[PDB]
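A.B. asks: Build the 3D model from these lines:
(12 chains, ligands or ions: 4)
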Amino acid sequence: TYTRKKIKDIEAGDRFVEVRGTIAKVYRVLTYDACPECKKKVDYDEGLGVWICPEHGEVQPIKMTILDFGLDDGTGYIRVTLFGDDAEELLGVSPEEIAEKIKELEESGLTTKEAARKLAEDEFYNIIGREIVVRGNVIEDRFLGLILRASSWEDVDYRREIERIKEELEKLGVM
Amino acid sequence: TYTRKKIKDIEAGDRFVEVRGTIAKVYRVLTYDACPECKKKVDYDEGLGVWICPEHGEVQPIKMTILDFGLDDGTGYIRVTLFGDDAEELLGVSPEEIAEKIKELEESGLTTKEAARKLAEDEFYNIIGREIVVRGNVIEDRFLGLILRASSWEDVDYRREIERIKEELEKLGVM
Amino acid sequence: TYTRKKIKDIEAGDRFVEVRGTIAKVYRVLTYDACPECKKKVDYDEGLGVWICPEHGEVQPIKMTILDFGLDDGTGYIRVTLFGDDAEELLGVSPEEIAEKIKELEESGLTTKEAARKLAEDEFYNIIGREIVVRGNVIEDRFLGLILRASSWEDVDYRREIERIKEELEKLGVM
Amino acid sequence: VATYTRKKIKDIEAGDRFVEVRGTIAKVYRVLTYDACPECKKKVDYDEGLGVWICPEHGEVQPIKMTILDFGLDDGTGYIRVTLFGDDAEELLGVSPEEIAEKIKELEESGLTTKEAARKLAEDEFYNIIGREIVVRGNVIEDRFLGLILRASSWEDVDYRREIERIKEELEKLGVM
Amino acid sequence: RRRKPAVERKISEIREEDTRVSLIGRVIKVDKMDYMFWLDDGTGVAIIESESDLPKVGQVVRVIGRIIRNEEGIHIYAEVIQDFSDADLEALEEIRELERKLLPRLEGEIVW
Amino acid sequence: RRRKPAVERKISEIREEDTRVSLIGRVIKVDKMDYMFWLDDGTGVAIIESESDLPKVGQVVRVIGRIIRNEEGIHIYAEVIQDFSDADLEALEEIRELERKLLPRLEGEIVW
Amino acid sequence: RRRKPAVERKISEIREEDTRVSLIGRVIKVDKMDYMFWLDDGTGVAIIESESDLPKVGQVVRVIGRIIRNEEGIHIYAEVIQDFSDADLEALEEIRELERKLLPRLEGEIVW
Amino acid sequence: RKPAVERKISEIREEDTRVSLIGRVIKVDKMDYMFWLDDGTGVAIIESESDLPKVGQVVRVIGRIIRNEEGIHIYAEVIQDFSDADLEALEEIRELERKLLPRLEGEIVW
Amino acid sequence: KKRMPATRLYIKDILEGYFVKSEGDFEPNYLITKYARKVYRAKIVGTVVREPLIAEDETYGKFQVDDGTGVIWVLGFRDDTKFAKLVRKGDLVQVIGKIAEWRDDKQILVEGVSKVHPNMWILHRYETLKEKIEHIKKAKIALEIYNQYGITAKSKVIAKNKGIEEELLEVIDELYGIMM
Amino acid sequence: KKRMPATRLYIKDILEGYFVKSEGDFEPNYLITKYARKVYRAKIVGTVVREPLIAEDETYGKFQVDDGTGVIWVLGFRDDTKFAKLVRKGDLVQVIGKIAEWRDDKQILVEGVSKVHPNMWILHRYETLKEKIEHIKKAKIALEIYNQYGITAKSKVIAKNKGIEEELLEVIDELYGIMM
Amino acid sequence: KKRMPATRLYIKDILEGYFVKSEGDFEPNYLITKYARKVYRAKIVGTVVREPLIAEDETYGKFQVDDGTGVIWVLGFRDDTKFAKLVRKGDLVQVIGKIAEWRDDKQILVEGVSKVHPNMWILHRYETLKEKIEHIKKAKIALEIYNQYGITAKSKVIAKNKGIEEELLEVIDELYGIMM
Amino acid sequence: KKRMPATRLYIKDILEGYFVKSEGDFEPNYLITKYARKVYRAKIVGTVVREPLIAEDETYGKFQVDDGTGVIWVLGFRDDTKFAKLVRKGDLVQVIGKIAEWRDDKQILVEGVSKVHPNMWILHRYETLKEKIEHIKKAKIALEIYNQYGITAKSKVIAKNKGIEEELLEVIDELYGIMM
Ligand SMILES: [Zn+2]
Ligand SMILES: [Zn+2]
Ligand SMILES: [Zn+2]
Ligand SMILES: [Zn+2]
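C.D. replies: Numbers count the residues shown, from 1 in each chain, chains lettered A, B, ... in the order given. Ligands and ions are numbered 1, 2, ... in the order given. The protein structure is shown below:
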């Protein structure tokens, strides 16, 4: 399944990693089209004028969300990436609203990245400071270093963390 | 109760009269000694070395200020005299300060009257042009003419004055 | 001829009086036309449209100067009127120049007396304070008081005044 | 007598002598005062066991208070620390050493050490000299813990026509005028 | 070139010939980056520009200022701002009306 | 309503579209009853109308002022008056000329 | 302290306590090299320092000015020179002695 | 300012000024704005300003003691719900911190 | 020992009246307004529009006052320059003082200046209008008496029994003689 | 309508006099000298000592006058500044004008300045000495009568009988009133 | 591109810590607590005690935080004022931000505020205690090495062998220098 | 501890550059002008056009500066508000400080302000013009190297032997990446 790991010891190429932390910075919010069967990126062919998905033939794509933010737990800082319905659940805003807002921002004369960053820093600034437990895989990007791509996130279980910290206190040797 | 009268119709010997006007000159300001119970003029005896207040026996002198100015209200000009703490309130300076200033002027070789006049005309010149309402009784001094001995003074109530002027205009026959 | 008289003792109807004093105020300077040979006022008769002198027939008028000023001595103040060439000698300005100055002043919108007063108080202010001797006759005007109409004037003589005040000093009894 | 030489802050190195630098005051580090001989104006030592000040040039002398100023100079191509001694310090600041000593004493009476009192005095009362153009002269030394330091002998105000002449000459070298 | 007195006017009736005016209103919005405020006395809104000082929002002021009439608009350049917070405005308007209805007739009476 | 810079200009070269100008001149006449002075810099004379302060006669000043253009005429409403009595004017005009002849070409160089 | 009045004296009676001198006298010699001239009152000759104006021989003159007492000599730092060509000097002398006789008694009498 | 300190109502100290309580409501008086809090060791009448708790809702209150002749009542400032809570860990951590703080703060030097 | 009371005026009337300068010692200067009113001392309320100008050696001091009908200079020479320091720009003052003329332009020689509350300004407006109307009526009544009859011992009796002050006929005649 | 005459003084009499300022409107300011003389307008003769200082805007103009007895300031404000331009330093002038006080120092408010000749200056000295002597003897005559009864009807009658002008009694009365 | 992770503290650790502000451009300000811990970003949990005071032009916004050991100011300038709008008085918040000093009193420049549940607060207390204990024992075992030799290569090697992080030696040295 | 020198700039360039905000801790914010110049600190000379605005509780202070090509706001927060009190309207100041952006308008966070003589203003003009010319020439030379070849070690060698700083190529690359 998933293996618990500390941010201090995260290394590239690791798989099935569980981290707990708090959100410290939000970088990007974006939406883009994907296949309605495998939820995978579809290529808009100029010669055909349609969105081809080279695993199910021609399909009609649907919008899905991508979120880029940062996690900290007191021992390190890791940039993390959240996908699809998890981002909608975390943010609480339906994806079509994000799409409409980002087109409205880009209509003023901003590129895709500028609109994404402005939208992240101007509306979804209220999620940072909140705790989150992420499960995912560690990838290395040549320009950004370590990125934890989270398959899913689930709220912190207080009792499990309390018993973990108590057992670590026993390892310390107070009781 | 007091009666409001215009300065044009002020006659000698009238009592309990109230006058509205503007301060047009400052004649004198000075200090003297009075009883600490009745606030009345007391006599210091050189041969006895004490102050005698013949309802009070021997008492410790206290400082009382006299202010002497002139009031104008478009129809006449009349002298007004204020006593004690009312002059302290109107001038805003404690009587001990006036006493020490007049002492300092007297140490220059100037008589009492001249020192009082210079103090009035060189330090308290900023009250000229102030609009007030005084109350008191009128007396006829053989060397000065009419004098109004103020018992209390107050500030103008502008709404009542507007009411009075409106009533006068109504009697005239415009409104 | 002419008899000395103190200003304090000048009375109405007195004749042939000379005084010595100092100019204290200039009232007016004007010019008007007169008969060229006997020096008398000529009337511009509207019935004939000509200047008539009703003692010598028709004449061509010439301009002459009139000057009203004030003389003082230390014992009193009197008004003095000079006529014609005397004013020209005292001032040093030919009557025609006064004439154009008056008409320029009038063209601005001022009456004859206003122009006279303006000219007297604006350009002829430099004769005040000079010593002079006036000789003439005292007349009484109902609304103006005593006017010493001067027949002639001269610069004050010094030796005669010094000897007169010396004999007055001898009368005092110092030497 | 050796003459001084203009030199850009960019290319000055440790151990150089007689360097002249024009710049703007960008930070005030410290202002302090201490005792010195009243004749040779040199550091004298007060001995606790002897209770006197000893000048190793004149014997026993009565101490006189002189101030030291420590600031930073910037001229578009670099940033360098500068230290001013004695008379020039109160000439630049405009406050006699007695007042500085009294203020340091009052600061230390609040429980602050020497360094903290000096820094608070510099940053709380003499902050109005930042942004002033000056031309300093002195010798550049290298302190093992602070880097390059320019110890100044004298300072003067600029001279708006000579500087314009220099800029015109440099523009002529570029080839526009 | 005697300076003209401040001709006291309401916002709705600022005529074209005016070069200096004196208005009384209450502040409704203040912009500090541009140093402007909006004056509203019931019959209109005027964008009053200021040089160095601004009033607070919600208080009644009296503003004496010039007129700058260009194609950019018509904005009043405030010169003197006075705090009229506790003045009786109804009595002021009554006396303004009475003065306006009486004085033009009064000057006509008497002759030479 | 962005604030406009003081477009530095000569007296003889004041355009029609200017709204704020900065002049340098010397005073030749001052009128204290009306609070005005005459600024003369060699190529013209401008009637500068102050608000509260006046300079002396014969000293060189620099005036930053808002231009008021009505049918009455053209007159500069001084806002900031600075004393440039001991300034170097020849070097100032030389640098103004150099900047004017160089800067318009500079912006064209380089691309993106 | 107010400015002192002038005191008039003769050459032979120049007192040490006198401060400013008024003299009436005769020119006998003028030296333009040092701007100096000799003045004769009859009882002596005094050297007078003219600043810019110089009298003529044959013109009797009156000088008001300052005395300079140094080790080199006694010369009068003249301030004003005026023509008295015509003058009753005897009357001036008689009134001077008459005043010196009566004024000291006049002031003493009449108490308050 | 004075930090808020938490105890039991039966162990209220005269020297202490600001109090933090976690307790059980039994009754409430609207007209006087009183209500009763029970922490298991005693009952305290505490004065809510305008909020009013419900019976069955465990309440944590931050307030100030008003030791007058009228009784012992708490000038409550903060009222919050703790009905979904554990506290055994609360006494555990309070006693742990109390036991090890005095030596820990005295440990080491400069 | 008599002092004439000060009248409350519009600045327009001060600027449009005729200034009569006395020649004797025992008479003061005065001003006759367009509706035959002699005024010795003026008393106005208005806004200071400019910072006071005080000479470098405090010989004199002045400031401008505006009230909505005209703008007038207020001066003080020698030791009255102290008054010029009691006010600054934008204040709402009340000024009492004499009337003087200099270079065909009326000016006030200040005797006192003092700040007031806006309600005092409204009182100034009410009172000045009310006391203008009264004198307008009285002068309108007395003008007919002067025109029909003139100055006769019986004209004084008629004015006495009609309720009109005696001096009003004299000031009307003076105005006629000055503006003729 | 009465211009009561100016009087001739020494400078010290003006400087060491008693300045009495009036309070009523119909009374002018005056001076009471040491020997009980009432002075309204001074008329002095003397030489000018320094350059006339005049304001660049010609609002005020003042200069110094010296005659050997003291230094006196001659001033002219507003319109009178023209007189300050008539003089040059180093000449003898006759100055006629009023007396006023500023910063406990006497000064003359100018009304007329004229260039003069030295012989009329010695005539000035003659006249002032003679008038001083005459008033001194009159005051000496009046002193004992004042000290006899005071200001009573009998005293007035006897003063009239032996030939003393009545106002002297009041002048010494005011002098005694102000000395205390 | 490296961000130093925020560390969890009590309020008292911040209040009597030592503020060290850097002078170079490439170094941030920091804090050294009493027991020699280097702190860059604070991360506190506590209840709010007073209403958020925010300027009407929303340039600045600040509020108070209390948990049981002290009262700290949480500030936001210019753009950050939005955070001061997210809170209401009475609730428990987690605040993450930087440390800065103004008028001899520490304060936190906000970077993020989030409302939270009490069990998180108790977990916060647990984590603070755990972090305090480990570092206090590490400082205790490093004190012997520091007082033994100092900052030397042999001392660094023996500290590495004993398992003590190197930077503690320099932190101890800087704290020792700050004390004297 | 390295501090970067301040560059003398036109206000127009400050208002027309691209503001790059750092994300790490050990890097400061900066601004890239239209001609590929990285600036950390600005230093301008100009006229204060308005009275400084200081909050009632002295938490911040600001003033406007104009030099001829633009008008910029200068700010100071917390204890730097003291600087906002050193100047008044009409001054000719020199301001040194960092560059910040708020609501898409560039502003300067003040570190020092000080009055100067007009000759200093003329030096500012000369020296800023020369400093612009030099960098324009260098960037024009380096742009061709960037475009023809790219980012390689051999391109770095070419730039080294051509007399162009190494960092300029990276600055041009960043400008291209931000303007794409
Ligand atoms: Zn698919
Ligand atoms: Zn008693
Ligand atoms: Zn004839
Ligand atoms: Zn030595």
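A.B. asks: if you count residues, which helix in the chain comes out on top?
C.D. replies: You didn't pick a chain, so chain A it is. helix A:158-172 (DSSP state H).
A.B. asks: ah, no, chain I please
C.D. replies: Chain I, longest helix under DSSP H: helix I:118-148.
A.B. asks: which helices and strands does it pack with?
C.D. replies: The contact analysis (3 or more Cβ pairs under 8 Å, 6 or more residues apart in numbering or on different chains; DSSP states H and E) places helix I:118-148 against helix B:158-172, helix E:89-108, strand I:7-8, strand I:41-48, strand I:92-101, helix I:153-161, helix I:166-179. Heads up, the C-betas are built off the backbone N, CA and C, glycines and all.
A.B. asks: follow-up on the earlier one: tell me the angle of the longest helix of chain A relative to helix H:88-106?
C.D. replies: 40 degrees (axes from the mean of the first three to the mean of the last three Cα atoms, to 10 degrees).
A.B. asks: Any figure for the gap between the residue nearest to residue I:91 when sequence neighbours are not counted and residue A:70?
C.D. replies: Once flanking residues are discounted, residue I:91 sits nearest to residue I:48: 5.0 Å by Cβ to Cβ, 6 or more residues apart in numbering or on different chains. Separation of residue I:48 from residue A:70 (Cβ to Cβ, to the nearest Å) stands at 62 Å.
A.B. asks: Return the residues in contact with the most centrally placed residue in chain I.
C.D. replies: Taking Cα atoms, centre = their mean, the centroid of chain I lies closest to residue I:42, which sits 3.9 Å from it. Listed by Cβ atoms under 8 Å, 6 or more residues apart in numbering or on different chains, the contact partners of residue I:42 are I:6-7, I:9, I:14, I:95-99, I:108.
A.B. asks: ok, so of those residues, who is nearest chain C?
C.D. replies: Nearest to chain C among those, counting by Cβ to the nearest Cβ, is residue I:99 at 19.3 Å.
A.B. asks: Surely that closest one touches residue I:110?
C.D. replies: No. The pair residue I:99 and residue I:110 fails to qualify as a contact (Cβ atoms under 8 Å) at a distance of 11.2 Å.
A.B. asks: So residue I:63: helix, strand or coil?
C.D. replies: strand (DSSP: H, G, I helix; E, B strand; the rest coil).
A.B. asks: Burial check on it, number of neighbours?
C.D. replies: For residue I:63, the number of neighbouring residues by other Cβ atoms under 10 Å in any protein chain shown comes to 27.
A.B. asks: in the longest helix of chain I, what counts as buried?
C.D. replies: I:118-133, I:136, I:138-139, I:142-143, I:145-146 (16 or more other Cβ atoms under 10 Å in any protein chain shown).
A.B. asks: do the same with stretch I:90-103
C.D. replies: I:90-101.
A.B. asks: try stretch E:89-98
C.D. replies: E:91-92, E:94-95, E:98.
A.B. asks: Kindly reformat those residues as CSV containing distance to chain J.
C.D. replies: Converted to CSV, the buried residues of stretch E:89-98 look like this (distance: Cβ to the nearest Cβ, whole Å):
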residue, distance to chain J
E:91, 35
E:92, 36
E:94, 37
E:95, 32
E:98, 34
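A.B. asks: which one of the helices and strands packed on helix I:118-148 lies closest to residue C:170?
C.D. replies: strand I:92-101 (50.6 Å; Cβ to Cβ).
A.B. asks: From residue E:21, how far off is residue E:75?
C.D. replies: Going from residue E:75 to residue E:21 by Cβ to Cβ gives 12 Å.
A.B. asks: before we move on, what about residue A:33?
C.D. replies: 62 Å.
A.B. asks: of these two, who's got more company?
C.D. replies: Per other Cβ under 10 Å, whichever of residue A:33 and residue E:21 has more neighbours is residue E:21, with 21 against 16.
A.B. asks: Pretty sure residue E:78 is one of the things the more buried one touches, is it not?
C.D. replies: No. Look at residue E:21 against residue E:78 with Cβ under 8 Å: they stay out of range, at 10.4 Å.
A.B. asks: residue closest to the middle of chain E?
C.D. replies: So for chain E, Cα atoms, centre = their mean, it's residue E:23, sitting 1.3 Å from the centre.
A.B. asks: Make sure that one is indeed in a strand.
C.D. replies: Yes. Counting by three-state DSSP, residue E:23 is part of a strand.
A.B. asks: How about the contacts made by it?
C.D. replies: By Cβ under 8 Å, 6+ apart, the neighbours of residue E:23 are E:8-11, E:39, E:41, E:46, E:62-63, E:65, E:76.
A.B. asks: How about residue I:173?
C.D. replies: Applying Cβ under 8 Å, 6+ apart, the residues near residue I:173 are I:146, I:151.
A.B. asks: for chain A, what spans make up the strands?
C.D. replies: Using DSSP state E, the strands of chain A run over residues A:3-4, A:17-34, A:43-44, A:51-53, A:57-58, A:62-72, A:77-83, A:131-141, A:145-154.
A.B. asks: Quick check: neighbours shared by residue E:21 and residue E:78?
C.D. replies: E:64-65.
A.B. asks: Against residue J:173, how distant is residue E:44?
C.D. replies: 72 Å.
A.B. asks: no wait, residue A:146
C.D. replies: Applying Cβ to Cβ to residue A:146 and residue J:173 gives a distance of 112 Å.
A.B. asks: Equivalent analysis for residue A:50, please.
C.D. replies: 126 Å.
A.B. asks: same deal with residue A:31?
C.D. replies: 109 Å.
A.B. asks: Three-state assignment for the residue of chain E found nearest chain A, please.
C.D. replies: With Cβ to the nearest Cβ as the measure, residue E:33 is the residue of chain E nearest to chain A, at 19.7 Å. In three-state terms, and counting by three-state DSSP, residue E:33 is coil.
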